Structure formats: structure tokens, C-alpha cells
Amino acid sequence: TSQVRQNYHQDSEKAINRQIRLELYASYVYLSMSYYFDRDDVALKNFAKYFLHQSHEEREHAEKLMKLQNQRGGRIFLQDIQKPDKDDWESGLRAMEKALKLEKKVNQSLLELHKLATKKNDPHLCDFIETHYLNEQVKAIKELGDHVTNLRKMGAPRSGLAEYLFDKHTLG
Amino acid sequence: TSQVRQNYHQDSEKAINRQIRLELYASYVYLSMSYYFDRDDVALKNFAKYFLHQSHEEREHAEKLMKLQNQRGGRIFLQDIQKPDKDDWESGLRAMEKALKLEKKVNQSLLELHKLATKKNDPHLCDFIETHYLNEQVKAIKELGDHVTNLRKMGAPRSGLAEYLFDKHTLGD
Amino acid sequence: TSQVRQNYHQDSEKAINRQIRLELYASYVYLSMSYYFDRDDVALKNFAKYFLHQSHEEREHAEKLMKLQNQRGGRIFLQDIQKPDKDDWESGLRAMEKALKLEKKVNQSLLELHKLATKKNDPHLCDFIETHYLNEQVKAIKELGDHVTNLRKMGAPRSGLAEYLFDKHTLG
Amino acid sequence: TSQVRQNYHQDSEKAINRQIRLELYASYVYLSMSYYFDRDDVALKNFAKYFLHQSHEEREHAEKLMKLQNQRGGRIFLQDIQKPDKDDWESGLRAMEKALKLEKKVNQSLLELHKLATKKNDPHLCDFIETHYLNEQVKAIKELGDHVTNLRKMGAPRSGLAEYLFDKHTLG
Ligand SMILES: [Ca+2]
Ligand SMILES: [Ca+2]
Ligand SMILES: [Fe+3]
Ligand SMILES: [Fe+3]
Ligand SMILES: [Fe+3]
Ligand SMILES: [Fe+3]
Ligand SMILES: [Fe+3]
Ligand SMILES: [Fe+3]
Ligand SMILES: [Fe+3]
Ligand SMILES: [Fe+3]
Ligand SMILES: [Fe+3]
């Protein structure tokens, strides 16, 4: 038991270990997504930049949890990072659609972590998740919301014109 | 009853008054620690500065609780600040350990204060504690652990070289 | 199919995909190593920062392979990233030894990868390897071995003074 | 035999003379392409700028080979530069499509030059082609890859709208 541990219960400590792995996973997904749009037969450079940014952003989330773990005197245990669902994502609209469910997923995970931390009477941990993760998710989900909407109204996935112009005007 | 007071239970008001006193005791304990390292038979300038900084920070922590007390309607009531329980803090390692213990006492008190505030459905107070006091406490405790670990790995307290170098390289740079 | 493909052999395409995964894997290891040193009971902040920088650099190596895969017409298939071999890396010296041992592994795999491309007469892929990877690996390995040496001469892993000072004077 | 010649075999010396002429040829093609898009009844200013840039770029490739020839003590012999395949290229998408096969062509030529230079145990020459030509081609081909893709998904050649917007947003 670390000299720093105080009010920090094993269930939280292992749930944090599960969020870390989850953040690392979205990172991988977003990486895959990104280089799908770099493909010569897809060629959408800004969609690519966007998901590459998202990806590096998820990796920051992972590291920040790893930092907390050490701050609270827990101990990190990392798993296999899982291969992502697809290795091809069809289109921008579909890419964004999966991105959105992925983030809704991670959000549910964060909420349960919070619900869990409330039960342990862990206020520091509660505020950490609120401060840094909850509003990021809300916004991240709102953002993806808007992009899908926009692509549909534009006539995607059907017209490849929409996806080109959205790459330029919304993401470029 | 203060015109400003709203949703602020007299138990919270009394608790915050005890927290105030606790932060002030802390500031005192660090002042004491700081001027031990300033003794000619100890002479660790940077230990002395590190602790003085700590004294001033806890003083700020108190000042901010007193601020909060007025903002909420409460009335501040100050008690005696009791001297720390040592005049001689032994070694640099030992001081740090004792400092770690205190921040932990303080953090325990703060957590009690949060449980209360939850129970009394005072969320402004909950979030005030979260926002200005608990992350700060976690950071302070983590850095202290870090320092102890290091002084131990270097062979303190027996090795006085370990203390001199820690003082140069960790608390100087 | 794939309009850009030219002189790009099925086998290279697959060994690339393998390399890619090995780079990611190595990123993970450095990341594990980094937060090991962050621990309240290890507390060597420059080791931690060092391995974190290694972790980000390994990621860059991977993305550059993913880019090349697309450059050549091939297709990227991501696999599970294994977890690192360890949770606890025991010391600065031992962390460094495994890092050396690791980078030699990746080198070997890139040396093998160069043989494949020489067999297949892909001079581009040969130069791409030489130019972005083999010298990077020689320098990394040289550097790691220098650290390892210094930490022994210093009396790691036994002397805790040694690791502290190396953290300050060589890594910080 | 020039006082500078060393390890430089006639077959290479004449193959270099063939690449020079080949580079000069792509230059001409790209010139023709460019002024096709300057035509009043085509009016695509950025497509035009793009192929004019490409053209001046090929001429640099030619000069650099001419320089090598002198550096290795070979002797330059220039041919007719051949008129280009078409004098009209229909469309942007078709223009890009031919550009792409032209570059795949030149690339095959470079690869054979390399294969040839390996056989002569000419390492300087091997590295020159790798360093300066091979990756330029790979990238040049990837670039043209993307542009065609993009124009097709946009509804070209059919819609003249696509070609106008691509002229503005990708090439302008
Ligand atoms: Ca808050
Ligand atoms: Ca070479
Ligand atoms: Fe995000
Ligand atoms: Fe996230
Ligand atoms: Fe405090
Ligand atoms: Fe403090
Ligand atoms: Fe490295
Ligand atoms: Fe480097
Ligand atoms: Fe690497
Ligand atoms: Fe070109
Ligand atoms: Fe060329």
C-alpha cells in the first residue's frame, strides 16, 4: 500500500485501469480511421488530419489517467490493446457515425466510473472526472453530432461531392 | 442572520472554522520546519526555502477559507494555534515524512468536511472543496512521497551527502 | 487493383503491416516504462520523461510506415497490440537494459525486412528503410548502451545515489 | 575516357542518356497539358498552373541527370524530343489520368536503371537514383492517385462543376 494512498478504493483503482485501456483503444480506432482516409482511393486529407488529431488527443486522456493512478497511489496494469472493429470504414459519414458511437460508449464508461466513485465517497476522483472528462465528452459528442448531420443533409453517403466539400470547408 | 446566507448550515460554518484553524496550524508547522534547516548545525538553505514556501501556501489556504466563510454568511471564529509537536525535526528525510503525515491529516479533515457538505446538500461548498482544496492535497501528497522515496533511495538520513545533494538538485533546480 | 501500386510485392506489404505493429508495440512498452518511473515509490521524473519521449517517437515511426503503406498502394491491417512484457521494470538500469534489448529486436526485424526487399528488388523500400530507420536504430541502440554503461559504472542498480544523479545530470 | 571516370560502365552512361530524354519528354507533355487548360473553351487556370509547375519540375530532373553524367565523366547525347501523345486531353480527370500513367511509366524506367546499376556494382549511381528520383516518383504517383480519385467521386468527367471546384479548392 503506497505511502500516498488515502481514500482510494480498489474498485476505483481497477476501473481507472479499465478506462486507460479504453482510452488507448479509441486512440487506435482513430488512428485506423485516419490512415483509411490517407488511402489513395479514398484521398480525403482533412478527414485524415481530423482523425489523426482525435487520436493523439485520446492518447493524452490515457496518460492523464495514468498520472492520476500514480497520484492516488494505485498501480497501472495495461492489457492488450484491441484491434479496431473495422479495417475499412466506407465513407466519411460512416467514419463519423462510428466515431460518434465510440464516444457515446466511452462516455457511458466514464459515467459508470463516476457513479462508482460517488459510491466510494471519493470526491477528488469525482471532480477529476467531471473537470477533465465529462465536458470533453459532451462536447466531443456534440461535435460529431453536427458533422454527421451536415454530411447527410449534403447528400452523403451517396454523393462523393459532399464528402470532398466537407473535407475542405468544415475540416480544412 | 446575514442577508447573504442561503443554504449554509451552521455545522458547515463550524467545520470551515475548524478547517481554517487546521491550515493555520500547518503553516505554523512548516515555519518551524523551515527555520530548523536554517540552523548553522543543519544548514540546508533549500530545505529551509522549500518549507517557508509551504508555510506561505497554507497561510493562503486559510485566508481563502476565511474569504469563503464571509462570502457564505458564516462568521469566522479563531482559536489558539498550538505549537507543533517538535522543535527539532531531526533530518531532512524526517521533516519530509512528518510533512507527508500532516498533509494527510489535513486531507482527511477536508474529506470529512466534504462528506458533511454532501449530507447537508451544500454543493457550492462541495465544489469549492473539490476545486481549491482536494486536487491541491493530492498533488502535495504525491510530491512529498516522491521526495521521501528519493531521500530514502539515496541513503538518508545516515548519508549526509544524500541530504546535501537532494537539497542542491531537487529543491534548488 | 489500387492505381498507384507498382513494384510493390504482396510479401513486403505484409511485413510492413508486421513492422507497423511492432513499432506500436514498442510505444506501449516505453509508455509503461514511463509511468513506472512516475510512481511515488520510484520517483525519477527524468527517466519518466525520457521514456515518454521514446514512446511518442515510436508512434511517429509507426505512422510513417502507415503512410508508406498507402504511398505504395498496399493496405493496412492493424492487429492487437500485445501488452508489454512487464508491469514493474524494477529499476532505471533494468529499464534501460530491456530498452536496449527491445530496440535490437526491432532492428533485427527491420534488418530482416531489408533482406525481403532486396530479394524482391524494391530499391525504394530498401532506401526508405535505410534512410528513415536503420540509422535511427543504430543511434538509439548506441545511446541506450551508453546509458546502461554509465549506470553500471555508477553502481546501479545497488546504489540509489547513482540512479538519482543520472536522472539529474544525464537525463535532465 | 575522362580523367574523372571511375566505376562507370557504358550501359549506365547510355541509360542515363535515355532517362534525360525521358524527363525532357514528360516536361513537354506537361507543358502541352498546361496550355490545354489555358484554352478559352476549357478555362481551368489552376489545372494549368499545376501542369506548368510539374513541367518546370521535370526539366529540373533532366538537368540534374545531365549534371551527374558530367560528374561521372560520361557524355551527354540528346535526341529528338518527341511530340506528346495527344494535343487535346478532354478533361481534368483525363489529363490527371494520363499524367499518372506517364509517371508510372517514368518510374518503371527509373527502376530498370536502378536494377541495371546494381548489376554493374555501381553504388554511387544506385544511391543517386534512390535519393533523388525514387521517392519523388512514389510521391508524385500518390499525388496523382488522390486527385483522380477525388475528381471521380465528385462526378467527373460528367459534371463540369466538379472540375471547376477542384480547380479552386484542391489546386487553387
Ligand atoms: Ca469542479
Ligand atoms: Ca541506398
Ligand atoms: Fe476526442
Ligand atoms: Fe477520450
Ligand atoms: Fe492546505
Ligand atoms: Fe501544501
Ligand atoms: Fe527511440
Ligand atoms: Fe530521437
Ligand atoms: Fe522504432
Ligand atoms: Fe512531377
Ligand atoms: Fe521526373
# chains A, B, ... in the order shown; residues from 1 in each chain; ligands from 1
>>> residues_around(residues="residue 158 of chain B", least_positions_apart="3", cutoff="12 Å", atoms="only C-alpha atoms", output="JSON list (two decimals) with N, CA and C atoms, in the first residue's frame")
[["chain", "number", "residue", "atom", "x", "y", "z"],
["B", 90, "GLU", "N", 15.12, 16.76, 13.25],
["B", 90, "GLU", "CA", 15.95, 15.55, 13.16],
["B", 90, "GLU", "C", 16.82, 15.53, 11.91],
["B", 91, "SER", "N", 16.17, 15.30, 10.77],
["B", 91, "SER", "CA", 16.85, 15.26, 9.49],
["B", 91, "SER", "C", 15.92, 15.79, 8.41],
["B", 92, "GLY", "N", 16.49, 15.98, 7.23],
["B", 92, "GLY", "CA", 15.73, 16.33, 6.06],
["B", 92, "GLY", "C", 14.72, 15.30, 5.68],
["B", 93, "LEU", "N", 15.13, 14.02, 5.65],
["B", 93, "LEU", "CA", 14.17, 12.91, 5.46],
["B", 93, "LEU", "C", 13.07, 12.96, 6.48],
["B", 94, "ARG", "N", 13.45, 13.17, 7.73],
["B", 94, "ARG", "CA", 12.45, 13.06, 8.80],
["B", 94, "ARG", "C", 11.42, 14.17, 8.66],
["B", 151, "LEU", "N", 14.97, 10.60, -1.02],
["B", 151, "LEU", "CA", 15.89, 10.68, 0.09],
["B", 151, "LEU", "C", 16.21, 9.29, 0.69],
["B", 152, "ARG", "N", 15.24, 8.38, 0.65],
["B", 152, "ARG", "CA", 15.49, 7.03, 1.13],
["B", 152, "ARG", "C", 16.41, 6.30, 0.18],
["B", 153, "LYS", "N", 16.04, 6.24, -1.11],
["B", 153, "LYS", "CA", 16.88, 5.60, -2.12],
["B", 153, "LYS", "C", 18.32, 6.11, -2.11],
["B", 154, "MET", "N", 18.52, 7.39, -1.81],
["B", 154, "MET", "CA", 19.86, 7.96, -1.72],
["B", 154, "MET", "C", 20.60, 7.57, -0.44],
["B", 155, "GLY", "N", 19.93, 6.94, 0.52],
["B", 155, "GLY", "CA", 20.58, 6.54, 1.77],
["B", 155, "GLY", "C", 20.48, 7.52, 2.94],
["B", 161, "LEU", "N", 25.62, 13.30, 2.77],
["B", 161, "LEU", "CA", 25.79, 13.58, 1.34],
["B", 161, "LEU", "C", 24.50, 13.48, 0.59],
["B", 162, "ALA", "N", 23.67, 12.51, 0.92],
["B", 162, "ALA", "CA", 22.40, 12.40, 0.28],
["B", 162, "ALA", "C", 21.53, 13.66, 0.53],
["B", 163, "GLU", "N", 21.62, 14.24, 1.71],
["B", 163, "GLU", "CA", 20.74, 15.34, 2.01],
["B", 163, "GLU", "C", 21.26, 16.58, 1.32],
["B", 164, "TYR", "N", 22.57, 16.75, 1.30],
["B", 164, "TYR", "CA", 23.17, 17.91, 0.66],
["B", 164, "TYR", "C", 22.87, 17.91, -0.83]]
>>> closest_atom_pairs(of="chain D", to="ligand 10", cutoff="8 Å", atoms="only C-alpha atoms and all ligand atoms", output="tab-separated table")
residue	atom	partner	partner_atom_place_in_ligand_line	distance
D:54	CA	ligand 10	1 (Fe)	4.8
D:55	CA	ligand 10	1 (Fe)	7.2
D:57	CA	ligand 10	1 (Fe)	5.9
D:58	CA	ligand 10	1 (Fe)	6.0
D:103	CA	ligand 10	1 (Fe)	7.6
D:136	CA	ligand 10	1 (Fe)	7.4
D:137	CA	ligand 10	1 (Fe)	7.3
D:140	CA	ligand 10	1 (Fe)	5.6
>>> calpha_fit_rmsd(fixed="chain C", moving="chain D")
0.3 Å
>>> residues_near_ligand(ligand="ligand 5", cutoff="6 Å", atoms="only C-alpha atoms and all ligand atoms", output="ChimeraX atom specification")
/B:23,58,61
>>> interface_residues(of="chain A", to="chain B", cutoff="12 Å", atoms="only C-alpha atoms", output="list in words")
residues 2, 3, 4, 5, 6, 7, 8, 67, 68, 69, 70, 71, 72, 73, 74, 118, 119, 120, 121, 122, 123, 124, 125, 126, 127, 128, 129, 130 and 131 of chain A
>>> write_last_selection(atoms="N, CA and C atoms", output="PDB file, in the first residue's frame")
ATOM      1  N   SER A   2       0.722   2.119  -1.024  1.00  0.00           N
ATOM      2  CA  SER A   2       1.619   3.276  -1.190  1.00  0.00           C
ATOM      3  C   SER A   2       1.428   4.300  -0.079  1.00  0.00           C
ATOM      4  N   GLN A   3       2.536   4.844   0.406  1.00  0.00           N
ATOM      5  CA  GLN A   3       2.544   5.934   1.347  1.00  0.00           C
ATOM      6  C   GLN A   3       1.629   7.095   0.975  1.00  0.00           C
ATOM      7  N   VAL A   4       1.207   7.201  -0.276  1.00  0.00           N
ATOM      8  CA  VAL A   4       0.331   8.305  -0.666  1.00  0.00           C
ATOM      9  C   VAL A   4      -1.122   7.928  -0.623  1.00  0.00           C
ATOM     10  N   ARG A   5      -1.456   6.645  -0.768  1.00  0.00           N
ATOM     11  CA  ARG A   5      -2.872   6.210  -0.820  1.00  0.00           C
ATOM     12  C   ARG A   5      -3.664   6.740   0.370  1.00  0.00           C
ATOM     13  N   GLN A   6      -4.871   7.213   0.071  1.00  0.00           N
ATOM     14  CA  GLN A   6      -5.789   7.800   1.038  1.00  0.00           C
ATOM     15  C   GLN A   6      -7.151   7.926   0.366  1.00  0.00           C
ATOM     16  N   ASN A   7      -8.128   7.257   0.951  1.00  0.00           N
ATOM     17  CA  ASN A   7      -9.484   7.256   0.430  1.00  0.00           C
ATOM     18  C   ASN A   7      -9.649   6.698  -0.961  1.00  0.00           C
ATOM     19  N   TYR A   8      -8.862   5.706  -1.301  1.00  0.00           N
ATOM     20  CA  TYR A   8      -8.807   5.283  -2.687  1.00  0.00           C
ATOM     21  C   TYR A   8      -9.029   3.805  -2.684  1.00  0.00           C
ATOM     22  N   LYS A  67      -1.465   9.193 -14.901  1.00  0.00           N
ATOM     23  CA  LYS A  67      -0.909  10.106 -13.937  1.00  0.00           C
ATOM     24  C   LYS A  67      -1.713  10.097 -12.632  1.00  0.00           C
ATOM     25  N   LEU A  68      -3.006  10.204 -12.759  1.00  0.00           N
ATOM     26  CA  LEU A  68      -3.893  10.115 -11.580  1.00  0.00           C
ATOM     27  C   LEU A  68      -3.620   8.857 -10.743  1.00  0.00           C
ATOM     28  N   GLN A  69      -3.555   7.723 -11.443  1.00  0.00           N
ATOM     29  CA  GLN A  69      -3.280   6.443 -10.794  1.00  0.00           C
ATOM     30  C   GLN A  69      -2.087   6.550  -9.882  1.00  0.00           C
ATOM     31  N   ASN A  70      -1.033   7.179 -10.370  1.00  0.00           N
ATOM     32  CA  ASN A  70       0.137   7.363  -9.559  1.00  0.00           C
ATOM     33  C   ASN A  70      -0.020   8.392  -8.485  1.00  0.00           C
ATOM     34  N   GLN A  71      -0.789   9.420  -8.813  1.00  0.00           N
ATOM     35  CA  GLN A  71      -1.118  10.458  -7.844  1.00  0.00           C
ATOM     36  C   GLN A  71      -1.891   9.902  -6.651  1.00  0.00           C
ATOM     37  N   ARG A  72      -2.827   8.991  -6.909  1.00  0.00           N
ATOM     38  CA  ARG A  72      -3.632   8.357  -5.836  1.00  0.00           C
ATOM     39  C   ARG A  72      -2.984   7.091  -5.255  1.00  0.00           C
ATOM     40  N   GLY A  73      -1.861   6.688  -5.847  1.00  0.00           N
ATOM     41  CA  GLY A  73      -1.049   5.631  -5.265  1.00  0.00           C
ATOM     42  C   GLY A  73      -1.478   4.239  -5.715  1.00  0.00           C
ATOM     43  N   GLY A  74      -2.336   4.196  -6.732  1.00  0.00           N
ATOM     44  CA  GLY A  74      -2.711   2.986  -7.434  1.00  0.00           C
ATOM     45  C   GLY A  74      -1.588   2.503  -8.318  1.00  0.00           C
ATOM     46  N   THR A 118     -18.702   8.077  -6.734  1.00  0.00           N
ATOM     47  CA  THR A 118     -19.662   8.530  -5.730  1.00  0.00           C
ATOM     48  C   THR A 118     -19.887   7.489  -4.609  1.00  0.00           C
ATOM     49  N   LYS A 119     -20.200   6.259  -5.014  1.00  0.00           N
ATOM     50  CA  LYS A 119     -20.442   5.174  -4.035  1.00  0.00           C
ATOM     51  C   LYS A 119     -19.301   5.007  -3.061  1.00  0.00           C
ATOM     52  N   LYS A 120     -18.066   5.277  -3.476  1.00  0.00           N
ATOM     53  CA  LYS A 120     -16.956   5.083  -2.563  1.00  0.00           C
ATOM     54  C   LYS A 120     -16.677   6.318  -1.736  1.00  0.00           C
ATOM     55  N   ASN A 121     -17.552   7.316  -1.854  1.00  0.00           N
ATOM     56  CA  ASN A 121     -17.317   8.571  -1.243  1.00  0.00           C
ATOM     57  C   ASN A 121     -15.910   8.999  -1.644  1.00  0.00           C
ATOM     58  N   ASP A 122     -15.618   9.022  -2.945  1.00  0.00           N
ATOM     59  CA  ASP A 122     -14.351   9.594  -3.408  1.00  0.00           C
ATOM     60  C   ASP A 122     -14.547  10.917  -4.147  1.00  0.00           C
ATOM     61  N   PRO A 123     -14.567  12.041  -3.404  1.00  0.00           N
ATOM     62  CA  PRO A 123     -14.831  13.322  -4.046  1.00  0.00           C
ATOM     63  C   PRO A 123     -13.691  13.828  -5.022  1.00  0.00           C
ATOM     64  N   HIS A 124     -12.432  13.769  -4.594  1.00  0.00           N
ATOM     65  CA  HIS A 124     -11.339  14.057  -5.516  1.00  0.00           C
ATOM     66  C   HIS A 124     -11.513  13.315  -6.844  1.00  0.00           C
ATOM     67  N   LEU A 125     -11.822  12.032  -6.777  1.00  0.00           N
ATOM     68  CA  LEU A 125     -11.914  11.310  -8.011  1.00  0.00           C
ATOM     69  C   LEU A 125     -13.133  11.777  -8.767  1.00  0.00           C
ATOM     70  N   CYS A 126     -14.185  12.110  -8.046  1.00  0.00           N
ATOM     71  CA  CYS A 126     -15.405  12.536  -8.744  1.00  0.00           C
ATOM     72  C   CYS A 126     -15.138  13.806  -9.551  1.00  0.00           C
ATOM     73  N   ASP A 127     -14.466  14.751  -8.903  1.00  0.00           N
ATOM     74  CA  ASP A 127     -14.200  16.034  -9.539  1.00  0.00           C
ATOM     75  C   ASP A 127     -13.217  15.946 -10.718  1.00  0.00           C
ATOM     76  N   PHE A 128     -12.287  15.007 -10.637  1.00  0.00           N
ATOM     77  CA  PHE A 128     -11.311  14.799 -11.685  1.00  0.00           C
ATOM     78  C   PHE A 128     -12.028  14.391 -12.930  1.00  0.00           C
ATOM     79  N   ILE A 129     -13.077  13.591 -12.793  1.00  0.00           N
ATOM     80  CA  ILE A 129     -13.698  13.011 -13.975  1.00  0.00           C
ATOM     81  C   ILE A 129     -14.605  14.034 -14.607  1.00  0.00           C
ATOM     82  N   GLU A 130     -15.288  14.778 -13.742  1.00  0.00           N
ATOM     83  CA  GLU A 130     -16.116  15.911 -14.115  1.00  0.00           C
ATOM     84  C   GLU A 130     -15.277  16.976 -14.814  1.00  0.00           C
ATOM     85  N   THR A 131     -14.291  17.499 -14.096  1.00  0.00           N
ATOM     86  CA  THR A 131     -13.404  18.525 -14.633  1.00  0.00           C
ATOM     87  C   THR A 131     -12.845  18.192 -16.030  1.00  0.00           C
TER      88      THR A 131
END
>>> residues_around(residues="residue 11 of chain A", least_positions_apart="4", cutoff="10 Å", atoms="only C-alpha atoms", output="MDAnalysis selection string")
chainID A and resid 15:17 113 116:117 120
>>> closest_atom_pairs(of="chain C", to="chain A", cutoff="12 Å", atoms="only C-alpha atoms", output="CSV")
residue,atom,partner,partner_atom,distance
C:1,CA,A:41,CA,10.2
C:2,CA,A:41,CA,7.1
C:3,CA,A:41,CA,7.8
C:4,CA,A:40,CA,7.5
C:5,CA,A:40,CA,10.0
C:20,CA,A:32,CA,11.9
C:21,CA,A:83,CA,10.4
C:24,CA,A:28,CA,9.7
C:25,CA,A:81,CA,9.4
C:27,CA,A:59,CA,11.4
C:28,CA,A:78,CA,9.0
C:29,CA,A:78,CA,9.9
C:31,CA,A:63,CA,8.6
C:32,CA,A:78,CA,7.8
C:33,CA,A:76,CA,10.7
C:34,CA,A:63,CA,10.0
C:35,CA,A:66,CA,6.9
C:36,CA,A:76,CA,8.2
C:37,CA,A:70,CA,9.8
C:38,CA,A:70,CA,6.8
C:39,CA,A:70,CA,5.4
C:40,CA,A:70,CA,6.5
C:41,CA,A:2,CA,7.4
C:42,CA,A:70,CA,10.4
C:43,CA,A:70,CA,10.2
C:48,CA,A:67,CA,11.2
C:52,CA,A:63,CA,9.8
C:55,CA,A:59,CA,11.1
C:56,CA,A:56,CA,9.8
C:59,CA,A:56,CA,9.9
C:60,CA,A:56,CA,10.9
C:62,CA,A:31,CA,10.4
C:63,CA,A:35,CA,8.4
C:64,CA,A:35,CA,10.5
C:65,CA,A:35,CA,10.5
C:66,CA,A:35,CA,6.8
C:67,CA,A:35,CA,7.2
C:68,CA,A:39,CA,10.2
C:69,CA,A:39,CA,8.8
C:70,CA,A:39,CA,5.3
C:71,CA,A:40,CA,7.7
C:72,CA,A:40,CA,9.2
C:73,CA,A:40,CA,7.2
C:74,CA,A:39,CA,8.8
C:75,CA,A:39,CA,8.1
C:76,CA,A:87,CA,7.6
C:77,CA,A:87,CA,6.1
C:78,CA,A:83,CA,6.1
C:79,CA,A:83,CA,4.9
C:80,CA,A:83,CA,4.5
C:81,CA,A:81,CA,5.0
C:82,CA,A:80,CA,4.6
C:83,CA,A:80,CA,4.6
C:84,CA,A:78,CA,7.7
C:85,CA,A:78,CA,10.1
C:86,CA,A:77,CA,8.9
C:87,CA,A:77,CA,6.2
C:88,CA,A:76,CA,9.3
>>> residues_around(residues="segment 99-102 of chain D", least_positions_apart="4", cutoff="7 Å", atoms="only C-alpha atoms", output="number ranges by chain")
D: 95, 106, 141, 144
>>> write_last_selection(atoms="N, CA, C and O atoms", output="PDB file, in the first residue's frame")
ATOM      1  N   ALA D  95      -6.791  14.308 -68.098  1.00  0.00           N
ATOM      2  CA  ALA D  95      -5.468  14.888 -68.000  1.00  0.00           C
ATOM      3  C   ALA D  95      -4.674  14.264 -66.868  1.00  0.00           C
ATOM      4  O   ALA D  95      -3.524  13.849 -67.069  1.00  0.00           O
ATOM      5  N   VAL D 106       7.595   6.542 -66.208  1.00  0.00           N
ATOM      6  CA  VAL D 106       8.945   7.031 -65.900  1.00  0.00           C
ATOM      7  C   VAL D 106       9.536   6.301 -64.723  1.00  0.00           C
ATOM      8  O   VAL D 106      10.737   6.081 -64.639  1.00  0.00           O
ATOM      9  N   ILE D 141       3.271   9.940 -57.847  1.00  0.00           N
ATOM     10  CA  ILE D 141       2.240   8.932 -58.154  1.00  0.00           C
ATOM     11  C   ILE D 141       1.135   8.869 -57.092  1.00  0.00           C
ATOM     12  O   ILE D 141      -0.076   8.900 -57.397  1.00  0.00           O
ATOM     13  N   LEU D 144      -1.072  12.257 -57.807  1.00  0.00           N
ATOM     14  CA  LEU D 144      -1.954  11.960 -58.934  1.00  0.00           C
ATOM     15  C   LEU D 144      -3.032  10.893 -58.625  1.00  0.00           C
ATOM     16  O   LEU D 144      -4.187  11.003 -59.071  1.00  0.00           O
TER      17      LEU D 144
END
>>> atom_distance(atom1="atom CA of residue 156 of chain C", atom2="atom CA of residue 46 of chain B")
27.0 Å
